[PDB]
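Here is the structure we will look at, set down as structure tokens.
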Amino acid sequence: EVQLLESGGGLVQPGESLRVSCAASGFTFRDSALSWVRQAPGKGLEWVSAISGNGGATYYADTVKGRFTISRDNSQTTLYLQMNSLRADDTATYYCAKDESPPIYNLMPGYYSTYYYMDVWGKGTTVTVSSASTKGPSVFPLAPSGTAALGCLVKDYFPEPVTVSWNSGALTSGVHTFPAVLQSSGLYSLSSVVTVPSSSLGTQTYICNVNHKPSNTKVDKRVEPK
Amino acid sequence: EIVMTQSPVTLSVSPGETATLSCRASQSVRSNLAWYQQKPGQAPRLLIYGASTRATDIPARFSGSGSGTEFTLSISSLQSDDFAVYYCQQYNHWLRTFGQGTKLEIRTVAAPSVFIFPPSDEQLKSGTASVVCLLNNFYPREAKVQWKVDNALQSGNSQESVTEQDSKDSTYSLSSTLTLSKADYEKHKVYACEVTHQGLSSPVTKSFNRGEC
Amino acid sequence: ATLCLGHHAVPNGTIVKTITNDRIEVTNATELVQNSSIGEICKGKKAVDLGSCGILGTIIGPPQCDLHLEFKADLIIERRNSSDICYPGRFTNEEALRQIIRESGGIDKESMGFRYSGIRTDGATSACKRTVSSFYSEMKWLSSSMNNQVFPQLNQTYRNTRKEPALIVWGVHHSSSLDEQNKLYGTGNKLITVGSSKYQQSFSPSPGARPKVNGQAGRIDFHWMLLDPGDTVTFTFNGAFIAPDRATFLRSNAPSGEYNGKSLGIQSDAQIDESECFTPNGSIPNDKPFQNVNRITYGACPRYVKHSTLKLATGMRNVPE
Amino acid sequence: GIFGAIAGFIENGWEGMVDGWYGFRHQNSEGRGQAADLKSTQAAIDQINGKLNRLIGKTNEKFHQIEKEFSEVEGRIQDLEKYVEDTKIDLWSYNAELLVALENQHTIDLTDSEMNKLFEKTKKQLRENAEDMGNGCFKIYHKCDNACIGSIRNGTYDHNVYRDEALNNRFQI
């Protein structure tokens with residue numbers, strides 16, 4: 001077991017600071033290197049920085065060369081990353097990743113081997129940088145009018161994510177909940193749909209259950225043929 | 001400071017066949033090169049490091065090769081659970097860079113079933129109107145939606161998104177939303193979604209008339 | 001106060017060579033010459049050991065090659081006592097034919113679709129035993145259907161539908177005796193002609209006794225061709241003809257649909273071990289830039305040098321006391 | 001080495017230093033201590049890894065070549081095939097021999113250099129507050145507790161703070 005856990009993150013206004021922790025637990029004696037890698041939903045991976053031994057890194061990407069600073073606390077076995085002067089594009093799912101090198105390199109066990117590949121990845125912490133201001137969704141029916149489709153539109157919420165279930169999770173077959181889209185207002189909108197037998201409309205009640213934990217908002221919306 | 005370009009952006013390979021990926025890299029790079037298998041909703045997992053040396057306890061069907069500039073990744077026996085996205089990193093420039101990403105697909109052509117939804121009265125009272133077009137369970141992924149309002153093509157006022165390939169039937173679905181102000185929505189009668197897809201011999205239109213049903 | 005600057009040292013130093021000194025001790029060094037093999041020709045590769053199977057036999061199917069008719073391989077290992085044939089004969093252009101197969105990737109088979117009207121096609125021999133006497137798995141042996149009955153002038157055309165060039169193999173039978181030819185194929189002149197857009201040739205049996213191998217004085221000779229896509233091979237014969245039932249397609253010509261690309265075929269006496277560089281001594285690691293194992297190599301290999309060892313210092317001078 | 005520190009004015013290495021390649025040993029009022037210098041250690045290691053990166057895991061693919069063993073006497077053409085291979089092996093054997101001799105000379109010189117740089121940097125830090133005893137050791141002419149020693153090792157030592165005390169100790173009778 002070499003898993004690490006990322007804590008912290010959240011919503012911050014552009015220009016603020018935020019540090020993310022990484023509890024390095026397991027096989028890692030923490031004489032090996034560690035790294036941070038961020039990814040925004042809708043974009044690929046991007047290496048952020050790295051740490052080695054004590055103060056041997058000092059290794060930051062050009063995007064955050066003057067903003068991010070990497071700390072290491074071997075006494076409590078936790079890796080940090082102070083993200084100062086955050087901009088809009090810094091919104092990403094920051095992953096804390098192990099670092100391994102070929103045994104021919106890394107002469108002294110503590111210092112940095114300038115050739116690392118990440119083997120054990122973490123669960124990741126999502127950090128959102130906007131001027132947004134948390135807001136719960138409005139939920140509107142997508143009414144059905146052998147097989148019928150019905151759904152719920154979950155509109156105008158911030159930040160991600162929302163969860164949608166149907167009939168308190170008793171309805172699974174045929175459900176599709178789509179990725180949210182970001183509107184020009186800066187709020188998200190998503191749809192969840194289900195296909196059901198046309199013959200069930202009249203006997204069977206369909207309710208979408210929407211949960212937006214960031215605003216502790218909870219909506220059940222019955223979807224009726226009209 | 002050393003860009004990585006993977007090719008293509010997405011590939012469709014039948015299960016069992018070998019899927020060869022590309023990782024072209026500007027400037028020389030040989031010592032360090034790592035491949036990853038990031039399944040949706042999960043963290044990336046190391047497959048190969050260096051160039052050909054695969055990670056510990058990973059299947060032997062994952063093969064790696066390449067030198068200096070051109071690098072390849074071939075998956076011998078493909079499985080339905082390999083629908084992940086693959087990336088490649090590099091040394092060094094004291095600054096490691098990742099690749100763009102290659103999406104891997106795993107069926108018979110299937111036309112979308114198309115549904116159109118008017119805005120709810122609840123939404124209209126808040127001053128906006130979202131008209132939704134659903135394209136359900138189609139294959140392959142390429143599909144086009146056009147919106148018309150009283151036969152006038154809409155531009156700039158829709159957004160769409162597409163699901164990951166469905167594990168249960170290997171299809172995709174797509175939702176498109178046309179957003180109008182309440183005032184605009186109530187000024188027009190016919191709302192239509194027109195769908196183009198390989199499985200349809202002609203584009204299909206679903207429509208409604210506002211205030212009719 | 002006193003502040004002293006210093007460096008580390010170790011009790012177990014290593015001797016290296018420099019420009020000015022034959023023998024100087026450093027804290028650590030690494031070996032640059034690979035001097036050992038694990039003794040096997042190969043982990044992480046898809047390999048097939050033909051064993052008793054001759055390689056060419058994979059194409060036409062003796063009982064030996066039964067496992068390997070449609071094999072898929074990155075690395076192919078031939079073996080020494082292997083016999084390409086069950087009924088005595090030899091391939092025309094044999095050495096050239098194998099080199100094709102070694103690098104094939106393996107082979108896929110599909111039926112050429114031939115059908116017959118009035119002939120024995122089920123020809124069997126003591127030579128191909130296989131529960132009961134049998135023949136090549138991939139061919140049909142054609143006989144008169146009544147002893148001493150003159151054999152029919154027949155024609156076959158097969159056309160290469162697939163994008164990959166097909167491999168086609170056929171046989172000419174030289175009967176044990178002038179009698180046996182008669183008994184088998186009837187009497188009179190025997191002519192076989194093979195026609196392709198790039199290929200045409202005519203074959204005739206030259207029946208006689210030959211030294212008894214596998215218990216047979218008779219011989220079957222195999223001739224092969226490569227057929228471009230969209231090309232017809234036309235088979236015309238009055239007898240003595242061994243007919244292809246299946247076409248052989250290379251796997252490294254596949255469209256990424258079977259496709260297993262680019263194999264290396266080796267010849268090895270060594271066992272296999274699944275726990276890039278091949279030498280006649282066996283495979284060797286290629287982490288080191290040089291090697292002392294064999295000047296003969298194949299693949300991504302360290303360069304052969306005469307030195308048995310070359311230590312590269314990876315640490316400072318070792319100064320103990 | 002060409003700089004004369006390692007196996008030079010520094011009499012010997014420290015086996016008891018296992019957390020770094022270069023470092024400091026001190027004696028003051030509070031006792032005797034040892035501490036590795038990470039930056040100079042890493043500088044040496046990075047250069048050696050740079051050499052390794054050029055040599056390790058970079059082999060070149062060869063496929064069909066010429067035959068190199070022969071079962072029968074043939075004369076001319078076989079003489080040529082043998083001579084070509086023998087020529088090639090001698091030239092690569094030369095390259096390998098020289099490479100190692102050159103890299104090793106350089107590795108020994110760069111590690112000696114890093115030691116010298118650390119010594120020179122420390123000397124400049126101490127200004128007029130210390131004297132070089134000639135064996136890699138500085139006699140520091142003022143009271144320097146553990147935090148003071150630490151400030152020297154981490155580059156925050158302020159010489160002006162101690163200069164008066166130090167000068168009085170150095171220049172007397």
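Chain lettering (A, B, ...) mirrors the order of the structure tokens, residue numbering begins at 1 for each chain separately, and ligand numbering begins at 1 in order of display.
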Using only C-alpha atoms, find the residues of chain D whose closest atom to chain C is at most 7 Å away, then write them as a count of residues only. 45
Quick one: everything within 8 Å of stretch 153-155 of chain A, counting only C-alpha atoms, minus sequence neighbours fewer than 5 positions away in the same chain. Send it as a PDB file with N, CA, C and O atoms, in the first residue's frame.
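File written: selection-v7.pdb
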```pdb
ATOM      1  N   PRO A 137     -29.014  24.866  -7.838  1.00  0.00           N
ATOM      2  CA  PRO A 137     -29.686  24.783  -9.144  1.00  0.00           C
ATOM      3  C   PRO A 137     -31.198  24.964  -9.091  1.00  0.00           C
ATOM      4  O   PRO A 137     -31.836  24.754  -8.061  1.00  0.00           O
ATOM      5  N   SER A 138     -31.750  25.370 -10.232  1.00  0.00           N
ATOM      6  CA  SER A 138     -33.168  25.236 -10.525  1.00  0.00           C
ATOM      7  C   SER A 138     -33.339  23.935 -11.295  1.00  0.00           C
ATOM      8  O   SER A 138     -32.486  23.566 -12.103  1.00  0.00           O
ATOM      9  N   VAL A 139     -34.418  23.215 -11.023  1.00  0.00           N
ATOM     10  CA  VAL A 139     -34.614  21.926 -11.667  1.00  0.00           C
ATOM     11  C   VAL A 139     -35.915  21.972 -12.434  1.00  0.00           C
ATOM     12  O   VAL A 139     -36.956  22.269 -11.872  1.00  0.00           O
ATOM     13  N   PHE A 140     -35.838  21.722 -13.741  1.00  0.00           N
ATOM     14  CA  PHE A 140     -37.008  21.801 -14.596  1.00  0.00           C
ATOM     15  C   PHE A 140     -37.278  20.467 -15.261  1.00  0.00           C
ATOM     16  O   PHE A 140     -36.364  19.721 -15.593  1.00  0.00           O
ATOM     17  N   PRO A 141     -38.552  20.156 -15.472  1.00  0.00           N
ATOM     18  CA  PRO A 141     -38.837  18.863 -16.084  1.00  0.00           C
ATOM     19  C   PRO A 141     -38.618  18.873 -17.591  1.00  0.00           C
ATOM     20  O   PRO A 141     -38.871  19.884 -18.237  1.00  0.00           O
ATOM     21  N   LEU A 142     -38.144  17.748 -18.110  1.00  0.00           N
ATOM     22  CA  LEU A 142     -38.143  17.460 -19.545  1.00  0.00           C
ATOM     23  C   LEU A 142     -39.234  16.411 -19.748  1.00  0.00           C
ATOM     24  O   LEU A 142     -39.018  15.217 -19.565  1.00  0.00           O
ATOM     25  N   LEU A 187     -22.407  30.036 -14.738  1.00  0.00           N
ATOM     26  CA  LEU A 187     -23.119  28.953 -14.056  1.00  0.00           C
ATOM     27  C   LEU A 187     -23.231  27.703 -14.925  1.00  0.00           C
ATOM     28  O   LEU A 187     -23.247  27.780 -16.161  1.00  0.00           O
ATOM     29  N   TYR A 188     -23.337  26.543 -14.282  1.00  0.00           N
ATOM     30  CA  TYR A 188     -23.434  25.267 -15.010  1.00  0.00           C
ATOM     31  C   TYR A 188     -24.865  24.849 -15.274  1.00  0.00           C
ATOM     32  O   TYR A 188     -25.789  25.235 -14.548  1.00  0.00           O
ATOM     33  N   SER A 189     -25.039  24.015 -16.303  1.00  0.00           N
ATOM     34  CA  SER A 189     -26.339  23.454 -16.659  1.00  0.00           C
ATOM     35  C   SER A 189     -26.099  22.022 -17.125  1.00  0.00           C
ATOM     36  O   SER A 189     -25.168  21.769 -17.884  1.00  0.00           O
ATOM     37  N   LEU A 190     -26.907  21.084 -16.649  1.00  0.00           N
ATOM     38  CA  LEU A 190     -26.801  19.720 -17.125  1.00  0.00           C
ATOM     39  C   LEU A 190     -28.169  19.086 -17.232  1.00  0.00           C
ATOM     40  O   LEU A 190     -29.128  19.548 -16.618  1.00  0.00           O
ATOM     41  N   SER A 191     -28.249  18.024 -18.025  1.00  0.00           N
ATOM     42  CA  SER A 191     -29.487  17.309 -18.164  1.00  0.00           C
ATOM     43  C   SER A 191     -29.297  15.853 -17.757  1.00  0.00           C
ATOM     44  O   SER A 191     -28.222  15.295 -17.881  1.00  0.00           O
ATOM     45  N   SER A 192     -30.351  15.260 -17.232  1.00  0.00           N
ATOM     46  CA  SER A 192     -30.350  13.840 -16.956  1.00  0.00           C
ATOM     47  C   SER A 192     -31.609  13.304 -17.576  1.00  0.00           C
ATOM     48  O   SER A 192     -32.680  13.906 -17.426  1.00  0.00           O
ATOM     49  N   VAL A 210     -32.063  15.665  -7.136  1.00  0.00           N
ATOM     50  CA  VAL A 210     -30.868  16.421  -7.478  1.00  0.00           C
ATOM     51  C   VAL A 210     -30.223  16.887  -6.190  1.00  0.00           C
ATOM     52  O   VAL A 210     -30.904  17.425  -5.332  1.00  0.00           O
TER      53      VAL A 210
END
```
With only C-alpha atoms as the atoms that count, which of C:279, C:83, C:73, C:242 lies nearest to residue C:52?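 Closest candidate: C:83.
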Report as number ranges by chain the set of chain B residues whose atoms approach chain A to within 6 Å, with distances computed over only C-alpha atoms. B: 46, 98, 100, 117, 163
Output the contact residues of chain A with respect to chain C at a cut-off of 10 Å, based on only C-alpha atoms, as a VMD selection string. chain A and resid 104 to 105 107 to 108
Output the selection as an mmCIF file, in the first residue's frame - N, CA, C and O atoms for each residue.
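That gives us selection08.cif:
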```
data_model
loop_
_atom_site.group_PDB
_atom_site.id
_atom_site.type_symbol
_atom_site.label_atom_id
_atom_site.label_comp_id
_atom_site.auth_asym_id
_atom_site.auth_seq_id
_atom_site.Cartn_x
_atom_site.Cartn_y
_atom_site.Cartn_z
ATOM 1 N N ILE A 104 19.769 2.994 -11.610
ATOM 2 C CA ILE A 104 21.104 3.454 -11.976
ATOM 3 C C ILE A 104 21.299 4.908 -11.571
ATOM 4 O O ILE A 104 22.404 5.312 -11.192
ATOM 5 N N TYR A 105 20.239 5.715 -11.623
ATOM 6 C CA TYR A 105 20.311 7.097 -11.174
ATOM 7 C C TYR A 105 20.117 7.133 -9.659
ATOM 8 O O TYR A 105 20.155 6.106 -8.978
ATOM 9 N N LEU A 107 21.996 8.599 -7.017
ATOM 10 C CA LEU A 107 23.203 8.142 -6.339
ATOM 11 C C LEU A 107 23.046 8.238 -4.825
ATOM 12 O O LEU A 107 23.047 7.220 -4.123
ATOM 13 N N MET A 108 22.912 9.455 -4.307
ATOM 14 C CA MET A 108 22.589 9.629 -2.895
ATOM 15 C C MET A 108 21.087 9.453 -2.699
ATOM 16 O O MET A 108 20.300 10.023 -3.458
#
```
